[PDB]
Each structure stands twice: as C-alpha cells, then as structure tokens.
Amino acid sequence: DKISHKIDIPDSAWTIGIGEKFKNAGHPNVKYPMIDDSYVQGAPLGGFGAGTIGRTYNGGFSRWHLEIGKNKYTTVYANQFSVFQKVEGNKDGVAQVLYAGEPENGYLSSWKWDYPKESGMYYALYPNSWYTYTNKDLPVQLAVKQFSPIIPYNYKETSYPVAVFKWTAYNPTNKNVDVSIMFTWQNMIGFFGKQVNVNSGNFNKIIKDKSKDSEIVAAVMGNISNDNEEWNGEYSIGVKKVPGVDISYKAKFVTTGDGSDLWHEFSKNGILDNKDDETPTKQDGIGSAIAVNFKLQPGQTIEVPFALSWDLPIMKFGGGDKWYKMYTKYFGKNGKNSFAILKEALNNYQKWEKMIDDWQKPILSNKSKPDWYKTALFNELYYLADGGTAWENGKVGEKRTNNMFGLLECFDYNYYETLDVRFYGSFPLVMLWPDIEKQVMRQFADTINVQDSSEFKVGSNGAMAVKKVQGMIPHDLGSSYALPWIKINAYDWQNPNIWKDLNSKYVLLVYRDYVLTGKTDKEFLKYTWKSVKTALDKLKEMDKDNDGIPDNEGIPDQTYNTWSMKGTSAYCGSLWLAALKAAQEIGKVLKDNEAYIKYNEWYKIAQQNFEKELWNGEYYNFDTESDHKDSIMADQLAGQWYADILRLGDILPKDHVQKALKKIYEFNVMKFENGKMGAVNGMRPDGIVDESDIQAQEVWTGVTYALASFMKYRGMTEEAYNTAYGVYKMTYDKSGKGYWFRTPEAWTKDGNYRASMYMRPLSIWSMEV
Ligand SMILES: OC[C@H]1O[C@@H](O[C@H]2[C@H](O)[C@@H](O)[C@H](O)O[C@@H]2CO)[C@H](O)[C@@H](O)[C@@H]1O
Ligand SMILES: [Ca+2]
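Put into structure tokens, the structure is as follows:
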C-alpha cells in the first residue's frame, strides 16, 4: 500500500477489507419478519430529501433509498467503476470491475468480476468514504474519495442529489503504465414507481461541455416522456478533463445482455467507441459508460473527478400525495436537470471538500478524544440522509414560506419524526441544522389542538381508540405508506393519546431548541408557547391521586412501549419535573407571569413528592406501583439529563443524581456482559437483569449514548466513555455484530437486534453539547 500516503484518510475512519467476510453478524431477535440486509453496507451518498444510494464496502450500489421512505436492498450490477492497466512493453493489459462479487444471473457475464480479497480497503468517516486498490496485478495503485456535500448550517448543497468520486492514481513502479478508469451506470428510470413497461422509452444522450479550461463529458439517462411523475426524471454520470487524461464514452450498452458490447472495447485498450445513440429502448435495460485513459510515468500521480447525479423531482407517498423534493428549489422541477447538478458538482467539489473538512476539523483535531468516539460520532450521522428523509418544496399542483421535513423512526416502524424517539435522535439537527429542527417542532406545535374523533383499531389489544385528542401531542407526523405531514398518528399499535411522556418531551424539545441555538429565538418560543401550556395542562389532568405528577396506568403508556409503568415513574416523573421547569423559564422570557407562577407551584409540589415516593437511598425506584418497582432503570433520570442540557439546574439533589448514575454504571453497564455492550434497560437490585419484559433485557443504543452524555456532564468521564464504548464496539468493531450504517434500536445479551437503521442512536451528538 503506497497509495494511502498520496491521499488523506483520517485515522478515525471506520475500515474494512474489500471483499471481507464478517463471521459474527447479528440478526433480528423478534418473532415476526424484520429487515435484515446483511453486513455488506457502506456510507450513503445523496443529500437530505434527495433519496440516497448506499454503495457498500464491496463496491456495489446496493441499498436504494431513492423511493422516499422505502428501503430496497439489491445490487444493480451495471453500476460500477472498472479499471484497465497495461505496462508499456506488454502485449496485453488487464481489466477488472472494482466489485468484490458477481451477478446472480448471466447478465454482464463478459465483464471481469470478483475483485480479489486482500487487495484493498474501504474507509468511512461520513460524509466521506474511500476505497484503496492495492492489487498484485494492478501495478498502478488507485484510490477514490467519494462524498456528497453534507454541510452543517447549509440547507442548499446539503439537499443535492449528487455524489463526487475523486480518483487518485499513483505509479510506484519502474515502467510506464497505461491506465483507464470507467464509470458505468444503468438507466434506472423505471426502477421504481412505474407499474408497467419499466424500461420503455428510456434513452441515453451524451453532453460535451467545452469552455476555456473546462471540459466535462456526461451521459444523461432519461426517458422520452415529458410526464411529471414520481418515476420520471434523469440520471447522469460524467467526468471533468484534467491535464494528461483523455475521455472516452459509450452512450448505450445493454444491461440485460452479456455486456460485451461495452467490455470488448474497454478490455482491449481501456478506450471506448465514443458511439452516441439516442435510440429509446423498449424491453431491454440500457446503460452508459464514461472513461478516462492516461499514461503514468514512474513516480507520477494524477487526480481525476467523476460525478453522479439524479434528478427525480417528485416523491409520492402511499396515500397518494405527491411533493417536490427540496433540491428542486435550486435546479428546477421539470426532471430534466441532471446535467446541471452534475456540472455544479464537478466544478465545485474542491470547495465542498474544504467545507466538510472545516466542520469535521474541530472534533478531529481534539486529541483528548479517542478516535473510536470520532468514528461513531461522524458515522452515526449516516442516518440523517439514510432515514427516508423527506424535505418538500411544494405539493404537486399547489407557494409557502417553509419546507416541511421528516426523518423516519426506522423502516420497520415507518413513522415520520416519532416524537418519543426524536427526543433522543434529533440532537444532530438542533446542533448542525437548526433551521430544520425548528421547522419540525413548529410542525408539532401546529398539531396540538387537532382533534380527530374517528376511531381506529389498536393493534396490540384490538381495542377501539380515538385517532387524535385535542391537547395531546401526536406520536408521529405520518407514514410514507400514507400521508406524511397531513395525516398524523399513523402509529396504531397502541393509543399515543394516553401516553405520559409525549407532552413533556415536546416541551423539553422546544426549550432545548431555544437554549442550544443561543437563547435568542424569542419568535420560536412565541410561536410554540400556546402549545407548551396546553401540553402541560392536559398532562396535569392525568394525575389521579393528586400528588402533582401524572400517573402511569400499568399499561404501556410511554416510549418503553411494552415495559409497563404504574403510579409515579422515575422516567415520566422526571421528564414532567423538567418540563415544568422549562415552561417556568419560557414564562419568564415571554413575561407570562401567571404561567410562571402556576408551573412553579406545580413544580415545587411534584418535586417534593417525586423525591419522597422514589428515592431509596441508592437510586430512584422504577415506579411506585409495579411488581418490580425497585428495578434500576438506565433512563430513570431522563428529565435531569435534559435539565443539564437546558441549563435548568438541579431538579433533583446533586448527591442523589451522582449516586443513581454510579449505580447505573455499576449495575446496568458493568454487570451486563462485563460492560462491553452498553447499558441494559432494567436491572434487579441483586445484579440480575429484570426479566419482566423483553425491553428491560435490551440495551437501547440511543438510551445508552444519551446516558453517556449525562455521565459526561456530571464529571463521570471514564464511566461515560466506557458506557458509550460498548455501543461503538457492537456496531463497528471486529468483535461486534456488524451493524455499521444500520445502527439498531436495540440488542439483547446475545448481540442480536431489533429494528436496524434506527433514529434514536443519533443521540450520540448529545455528547458534543
Ligand atoms: O422500541 C420502542 C419503540 O417501538 C415502536 O413501536 C414498535 C414496537 O417496538 C414493535 O414491538 C411493534 O411491533 O411495532 C411498533 C411500531 O408499530 C414505537 O413506534 C416507538 O414509539 C417506541 O419508542
Ligand atoms: Ca399522581
């Protein structure tokens, strides 16, 4: 490996061998069907709301999130980079697809598949990833840096449906070597969204954009239809000329054939036919190819950028609504703009690399933080793009001021912005894209007094329940299978209108968003204030026994949606106390004296009673009325955690909080698989895991990272990082269970999982507060 020195990969990048088999992978631990796409994954490409494409560490374009809200795992084998090399003085060169695998059927059988093991590495530090190719049969060593321009405090380039592939080639040998790099792409119009005739009308064209000191050559893969539908638009691939390279292309090869129409050209001398052909296809799949060829002298390096764009302007949801995607603000809505997007990337990628470096540098340069922590911190952000992210720029046929936004809970539980989960998972948005965060919270504010008296069948028990109660915050803002933003509470497994945590978490999120954006946005507090007061006032009515605290009802009525709480719980009770304190402070800011006094009165009574009911001398009891009320809950002081972040001070005595956190570390972490897998949710005082429910026996990744941040703020630095380390290890390490780029909600002691690709572990960003 002599190519690594010619590029700059951070030491904190996650690494794996190209073609590496992983032996220890986990699988779902639930009885019913659950997504398991395997460990062959990688960092995604594509902006927020753009649809994303997961290119895996083996080189394949395999995890397709282009249909917004859906996860489709299938390798489109025509989509590849390939290499040709010939040493000066040899009769023949060698050609190789850079993919550690082969197609399942006979399509593309002429191509040289099965990139060998132990011949290259994949690296990832989201939004960047890299491949290096160090192969005994390839005298010139190659590397690529691939990324999309995901940039904090930037709402423009961050939306773009584009990826850059910056290639570096170096000749460490004593002979001249001819080299070619070829990007192939299938015309994927009709891959989704088209009910019949899936390839019909697809056609490919070549664009040559020549100006002074700029030559771009690109293929635009589209359809003859000018119809404005979810399925129609364009893909583009292309390259920018640099000194010392020549460009060749092939506009049309058949992907539903043996591929030799292309490969006989590339494998001879690495130079394509430059054959244009705009003939539309009928049944055959078609694709395009863009190649560069160059001679490297001994010791010579060359850099060449390729790009990929996709202009699919319309997203459709299962309920029928069609919306324009955010990037259409910048490029247009007609779906004929893929070249413009590609050109912007090829002309500006060096600026974008610097912008990414600028935001990563403050963390990467901090030598007090271990590299493993940086691996997790950056790579967990994959989910912001990969979480079915929807970001609208108008309803088709509709202009408003704002652009509504949603991130999925996950794909198994297909709900937008699940509030009990975003309480943990929304940290990156408030910290790095706060204008999105505030928009999402205003979306929630607008739902507070919505009433839908129509009744739905509750999945868990078969009871009938009212859809949406006035004054209760919704569980979610809809499902991609139905109508995001329009039809809230798509979740029907239980009735969220009786949950005891949603209204408090809502208030805490509002005050968080004010505090973490500088305590300057009084307009945001003004917009949300009525909903905050309504939310707390409705929750107060659920206090049955008049201790000042809402009562959990002994049926799941909070985020731990099978682990029943009854009476006053540490979890909902502490969240309530913190929400009351937050509302007091908002009252002071907005000069609402009567609100300040009322919430101060409620707070003093509830605080007193919480302490009396739950403090046992070592920790806070799980609740007052359950069978295992003395269980040690990892999340017992969630309200105090948020109070620390919101700078609301002590809601509980410092000594008692410190004792509780120490107990949690000693028990839920260190007595669970030697503290190497995170914090188990529930532990009995005798040091054995609480078996009352499956959720008590699970580690929740997002709960554990949040707990780590709580410990960190309280000065328990070693405990904080040790606690988080088990989550990193299970996710990313060779000794873990292979969950990179699909961090799950939970695992059990055997390491098997529930709900891969989950929003909650974005809570790791709470460690950067
Ligand atoms: O993991 C807790 C999380 O569960 C979500 O509900 C799931 C539930 O975990 C699963 O057992 C059931 O089969 O499906 C539902 C989704 O319909 C829930 O959406 C979250 O609020 C909760 O935090
Ligand atoms: Ca009560």
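According to the authors' numbering, the sequence shown holds residues 31 to 428, 431 to 801 in order. Don't be surprised by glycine CBs; every beta carbon is placed ideally from N, CA and C.
Range of the contiguous alpha helix (DSSP H) that encloses residue i
{"i": "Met473", "result": "466-479"}
{"i": "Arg454", "result": "451-457"}
{"i": "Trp531", "result": "Taken as a continuous stretch (DSSP letters only), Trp531 belongs to no alpha helix (DSSP H), as it is neither H nor E."}
{"i": "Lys373", "result": "368-394"}
{"i": "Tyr412", "result": "412-416"}
{"i": "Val689", "result": "686-696"}
{"i": "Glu295", "result": "290-299"}
{"i": "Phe742", "result": "733-745"}
{"i": "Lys558", "result": "554-572"}
Residue i to residue j span [Cα, whole Å]
{"i": "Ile219", "j": "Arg93", "result": "17 angstroms"}
{"i": "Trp561", "j": "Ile618", "result": "8 angstroms"}
{"i": "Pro191", "j": "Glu148", "result": "33 angstroms"}
{"i": "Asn201", "j": "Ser210", "result": "13 angstroms"}
{"i": "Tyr538", "j": "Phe213", "result": "47 angstroms"}
{"i": "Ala666", "j": "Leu646", "result": "15 angstroms"}
{"i": "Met151", "j": "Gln176", "result": "14 angstroms"}
{"i": "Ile254", "j": "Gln216", "result": "16 angstroms"}
{"i": "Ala614", "j": "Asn535", "result": "13 angstroms"}
{"i": "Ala611", "j": "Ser512", "result": "31 angstroms"}
{"i": "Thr733", "j": "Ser42", "result": "20 angstroms"}
{"i": "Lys708", "j": "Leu338", "result": "40 angstroms"}
{"i": "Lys769", "j": "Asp575", "result": "43 angstroms"}
{"i": "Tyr697", "j": "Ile683", "result": "21 angstroms"}
{"i": "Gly289", "j": "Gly90", "result": "17 angstroms"}
{"i": "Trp261", "j": "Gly223", "result": "5 angstroms"}
{"i": "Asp67", "j": "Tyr785", "result": "13 angstroms"}
{"i": "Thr358", "j": "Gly365", "result": "9 angstroms"}
{"i": "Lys744", "j": "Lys404", "result": "16 angstroms"}
Beta strand (DSSP E) segment containing residue i, residue limits
{"i": "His95", "result": "91-95"}
{"i": "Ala319", "result": "316-326"}
{"i": "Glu487", "result": "484-489"}
Coil, strand or helix - residue i by DSSP
{"i": "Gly681", "result": "coil"}
{"i": "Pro58", "result": "strand"}
{"i": "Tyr156", "result": "coil"}
{"i": "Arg716", "result": "coil"}
{"i": "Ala420", "result": "strand"}
{"i": "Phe177", "result": "strand"}
{"i": "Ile236", "result": "strand"}
{"i": "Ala125", "result": "strand"}
{"i": "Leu338", "result": "strand"}
{"i": "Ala193", "result": "strand"}
{"i": "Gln502", "result": "coil"}
{"i": "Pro273", "result": "coil"}
{"i": "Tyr137", "result": "coil"}
Within 8 angstroms, strictly: CB atoms of residue i and residue j
{"i": "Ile320", "j": "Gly274", "result": "no"}
{"i": "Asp306", "j": "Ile236", "result": "yes"}
{"i": "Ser178", "j": "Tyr265", "result": "no"}
{"i": "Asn435", "j": "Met356", "result": "yes"}
{"i": "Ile520", "j": "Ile181", "result": "no"}
{"i": "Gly317", "j": "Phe114", "result": "no"}
{"i": "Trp525", "j": "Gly491", "result": "yes"}
{"i": "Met789", "j": "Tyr413", "result": "yes"}
{"i": "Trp340", "j": "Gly81", "result": "yes"}
{"i": "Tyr153", "j": "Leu128", "result": "no"}
{"i": "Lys558", "j": "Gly503", "result": "no"}
{"i": "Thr285", "j": "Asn232", "result": "no"}
{"i": "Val542", "j": "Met473", "result": "yes"}
{"i": "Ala406", "j": "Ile796", "result": "yes"}
Any non-hydrogen atom of ligand 2 closer than 7 angstroms to residue i Cβ
{"i": "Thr600", "result": "yes"}
{"i": "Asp533", "result": "no"}
{"i": "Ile587", "result": "no"}
{"i": "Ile530", "result": "no"}
{"i": "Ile581", "result": "yes"}
{"i": "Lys644", "result": "no"}
{"i": "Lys576", "result": "yes"}
Proximity test, residue i beta-carbon vs ligand 1 heavy atom, cut-off 7 angstroms
{"i": "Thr479", "result": "no"}
{"i": "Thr591", "result": "yes"}
{"i": "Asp452", "result": "yes"}
{"i": "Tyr523", "result": "yes"}
{"i": "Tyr447", "result": "yes"}
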